[PDB]
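*Asks:* sequence below, structure please.
(one chain, ligands or ions: 1)
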Amino acid sequence: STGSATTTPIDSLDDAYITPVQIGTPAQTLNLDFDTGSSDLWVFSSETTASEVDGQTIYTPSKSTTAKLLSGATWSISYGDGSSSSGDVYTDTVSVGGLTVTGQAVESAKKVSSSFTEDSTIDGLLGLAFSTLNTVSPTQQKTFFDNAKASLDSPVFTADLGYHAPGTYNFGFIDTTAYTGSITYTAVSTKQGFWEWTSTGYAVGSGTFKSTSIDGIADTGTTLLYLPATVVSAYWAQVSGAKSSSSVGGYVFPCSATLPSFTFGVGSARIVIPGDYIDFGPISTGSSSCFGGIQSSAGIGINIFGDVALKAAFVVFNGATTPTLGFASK
Ligand SMILES: O=C(CCNCc1ccccc1)Nc1scc(-c2ccccc2)c1C(=O)NCc1ccccc1
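*Replies:* Numbers count the residues shown, from 1 in each chain. Let me share the structure:
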């Protein structure tokens, strides 16, 4: 089997991407944020504290003839950015782009943090990291991909995120029309539960490429590119007037600037992030200070190849017995 679904930016800045997911019988379609940096499939629901729902579409398990309470199971997750959610668990039928899994754990939120409430466009998350990170207790559950994998034509999924435009998540096949050149594969460590890999270096604009190992995660659920402070300083030094603002929480730059590109290495291959991808717009409405899309990972403990990087590539998440990651230009 295979599946193929369009993923759509939630706003004009590509802050996140939502993908429609069918849950239950008859189907209830929710728009979920596919997150290769976490491993829980959770949704706003008929159980979510009413004051914490503001415009989201909810899953109502009592209206699904295939829903079953997973007795005694609870979940609770904290994200790297401080947001959180928690609740109880059903199993139900879940379909993405024509690919169906029966008995998928659907984590129903009883509580969500304010950042989730405040984003009416995201109805929940669909985790695509390794199932070792799943938070369901006392019996840890599998991701959608892990449940689907044996049925897929090939044990892979691909992320093809657009810049200011829709893109695609495919399951079970590689669309050879969706990228240029060849796909370069690179080793993955699953030790921390992530799609963790090592970039071979970087360049800023038309500058010379610096060979250096940068260990980080391929994370579709993180907006920005978080890299070591040395790399990030070298980037922003090429933008007149850019500075790190402790009050804003990262590098800002004049909105009148034209940003240089940023290149990262994948083995001997190179992925170029155009400068425009690195502009996240005014820090507040009407300001002429704009927020940068490349930020330091120094406070985080891990480098993160988030959407800013991934949307410059066609990315293969290869879930073979020894997982690997592939990147192609597009
Ligand atoms: O990049 C983001 C925000 C993603 N949503 C963007 C958005 C912006 C405006 C409006 C609506 C949505 N957070 C970061 S920054 C760094 C991390 C992180 C990830 C893993 C480990 C450590 C830190 C994260 C992070 O925790 N990402 C997972 C996540 C996914 C969705 C919601 C909440 C957390």
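
*Asks:* what about residue 116, which helix or strand?
*Replies:* The secondary structure element spanning residue 116 is helix 114-117 (assigned by DSSP states H and E).

*Asks:* list the contacts of that helix.
*Replies:* Here helix 114-117 makes contact (Cβ atoms under 8 Å, 6 or more residues apart in numbering) with 44, 52-54, 81-83, 85, 122. Yep, even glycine has a C-beta here, placed from its N, CA and C like the rest.

*Asks:* quick check on these: which are buried?
*Replies:* When burial is judged by neighbour count using 16 or more other Cβ atoms under 10 Å, the buried members of these are 44, 52-53, 85, 122.

*Asks:* now for those residues: which two are most distant?
*Replies:* Considering Cβ to Cβ, no two members of these lie farther apart than 52 and 122, which are separated by 13.2 Å.

*Asks:* the ligand contacts on the stretch 101-250 of the chain?
*Replies:* Taking Cβ under 6 Å from any ligand atom as the criterion, the neighbours of the ligand within the stretch 101-250 of the chain are 119, 219, 221-223.

*Asks:* whichever of those end up buried, select them in PyMOL.
*Replies:* To isolate in PyMOL the members of those that are buried, counting by 16+ other Cβ under 10 Å, one can use:
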select buried, resi 119+219+221+222+223
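
*Asks:* which helix in the protein runs the most residues?
*Replies:* Ordering each helix of the chain by length in residues (DSSP state H) puts helix 229-236 first.

*Asks:* okay, buried residues for it please.
*Replies:* Within helix 229-236, the residues that qualify as buried are 231-232, 234-236, counting by 16+ other Cβ under 10 Å.

*Asks:* about what we covered before: need the residues of the stretch 101-250 of the chain next to the ligand in CSV with distance to residue 9 and secondary structure, can you?
*Replies:* Putting these into CSV (distance: Cβ to Cβ, whole Å; DSSP: H, G, I helix; E, B strand; the rest coil) gives the following:
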residue, distance to residue 9, secondary structure
119, 13, coil
219, 16, coil
221, 14, coil
222, 14, coil
223, 10, coil
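
*Asks:* which of the residues of the stretch 101-250 of the chain next to the ligand lies closest to residue 128?
*Replies:* Looking across those and measuring by Cβ to Cβ, the closest to residue 128 is residue 221, at 8.5 Å.

*Asks:* verify the contact between residue 41 and residue 146 for me.
*Replies:* No - under the contact definition of Cβ atoms under 8 Å, residue 41 does not touch residue 146, with a separation of 10.8 Å.

*Asks:* between the two, which one's more packed in?
*Replies:* Between residue 41 and residue 146, counted using other Cβ atoms under 10 Å, residue 41 has the larger neighbour count: 30 against 19.

*Asks:* what is the nearest of the buried residues of helix 229-236 to the ligand?
*Replies:* residue 232 (14.0 Å; Cβ to the nearest ligand atom).

*Asks:* give the contact list for the residue nearest to that closest one when sequence neighbours are not counted.
*Replies:* The shortest distance from residue 232 to any non-neighbouring residue, by Cβ to Cβ, 6 or more residues apart in numbering, is to residue 296 (4.8 Å). Residue 296 makes contact with 226-229, 232, 244, 250-251 under the criterion Cβ under 8 Å, 6+ apart.

*Asks:* go with 7 Å
*Replies:* Residue 296 makes contact with 226, 229, 232, according to Cβ atoms under 7 Å, 6 or more residues apart in numbering.

*Asks:* same check, this time on residue 157
*Replies:* 128, 145, 169-171, 317.

*Asks:* which one is the residue of the chain found nearest the ligand nearest to, not counting chain neighbours?
*Replies:* Nearest residue of the chain to the ligand (Cβ to the nearest ligand atom) works out as residue 80 at 2.0 Å. Residue nearest to residue 80 in three dimensions, not counting chain neighbours: residue 300, with 6.5 Å by Cβ to Cβ, 6+ apart.

*Asks:* cool, residue 95 as well?
*Replies:* The shortest distance from residue 95 to any residue that is not its chain neighbour, by Cβ to Cβ, 6+ apart, is 4.2 Å, and that residue is residue 22.

*Asks:* what are the ranges of the strands in the stretch 101-250 of the chain?
*Replies:* Counting by DSSP state E, counting those that start in this stretch, the stretch 101-250 of the chain has strands at residues 124-127, 156-160, 167-171, 184-187, 196-204, 210-218, 225-227, 243-245, 250-254.

*Asks:* export those strands to CSV and tack on distance to residue 91?
*Replies:* Listed next are the strands of the stretch 101-250 of the chain as CSV, based on distance: least, Cβ to Cβ, whole Å:
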stretch, distance to residue 91
strand 124-127, 15
strand 156-160, 21
strand 167-171, 20
strand 184-187, 34
strand 196-204, 29
strand 210-218, 28
strand 225-227, 35
strand 243-245, 46
strand 250-254, 41
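
*Asks:* with respect to residue 30, which of these lies nearest?
*Replies:* Ranking the strands of the stretch 101-250 of the chain by proximity to residue 30 (Cβ to Cβ) places strand 124-127 first, at 6.0 Å.
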